[PDB]
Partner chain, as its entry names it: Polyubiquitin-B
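First comes one chain, alone, set out as structure tokens in the form deposited without its partner chain.
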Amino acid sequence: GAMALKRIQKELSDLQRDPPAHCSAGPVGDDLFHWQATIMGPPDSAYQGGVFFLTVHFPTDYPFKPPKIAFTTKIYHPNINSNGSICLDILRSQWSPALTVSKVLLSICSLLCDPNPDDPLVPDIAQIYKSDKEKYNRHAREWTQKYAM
């Protein structure tokens, strides 16, 4: 009766019937509590042409607690660090059972198009972003070609 299983199965079925643009998700391994997700960098972002792999790990009391979502693909972005951790409100404080992995994936896409420099996980990138956007995009593009293509 502690089963997050039904909620996960329902989300999976809903997401796969109506997937967020630029995104894909499916179960991975034996673990029903693990999904892999994929994000194709949006056209109007420094990450276009790039393919980013993410892990989705559901806690055992999901959806009372948010899913653990992390990039496995290396990325140059103020809100994502070298461990692939994502600084995003709805993955922490602003989570609620009303949200979904689908909605989080959409927000990550939004974050790729419009980094939030006021929420730096990576200080020096956040300022290259605010100080010189043109060099930021240059670096973001270079890292996409190098690690996400």
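Positions refer to the first chain, counted from 1. Only residues modelled in both forms are compared. Note that the rigid core is defined as the largest set of C-alphas that superpose within 1.5 Å between two forms.
Across the two stretches, 10 to 18 and 131 to 139, the PDB entry reports the greater mean Cα temperature factor for 131 to 139. According to the PDB record, 25 to 33 carries the higher mean C-alpha B-factor of the two stretches 50 to 58 and 25 to 33. Of the candidates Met40, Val104, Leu121, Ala70, the one whose C-alpha carries the top B factor in the deposited record is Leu121. Split the chain's modelled residues into thirds by C-alpha temperature factor. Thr100 is in the lowest one.
Among the modelled residues of the chain, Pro117 sits in the highest third by CA temperature factor in this PDB entry.
The following text describes the form deposited with its partner chain bound, which does not appear among the structures shown.
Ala25 belongs to the set of residues with a heavy atom inside 4.5 Å of its partner chain in the bound PDB entry. Put simply, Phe53 is close to its partner chain in the bound PDB entry: some heavy atom of it is within 4.5 Å.
In the bound PDB entry, its partner chain sits within 4.5 Å of a heavy atom belonging to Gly49. Though the partner is left out of this view, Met40 does reach within 4.5 Å of its partner chain in the bound PDB entry, counting heavy atoms only. In this overlay on the rigid core, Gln9 has a C-alpha that sits less than 2 Å away from its partner position between this form and the one not shown. Residue displacement note: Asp18 has its CA displaced by at least 2 Å between this form and the one not shown (rigid core superposed). At a threshold of 2 Å in C-alpha displacement, with the core superposed and only residues shared by both forms counted, 15 to 22 is the one segment of at least 3 consecutive residues that shifts between this form and the one not shown.
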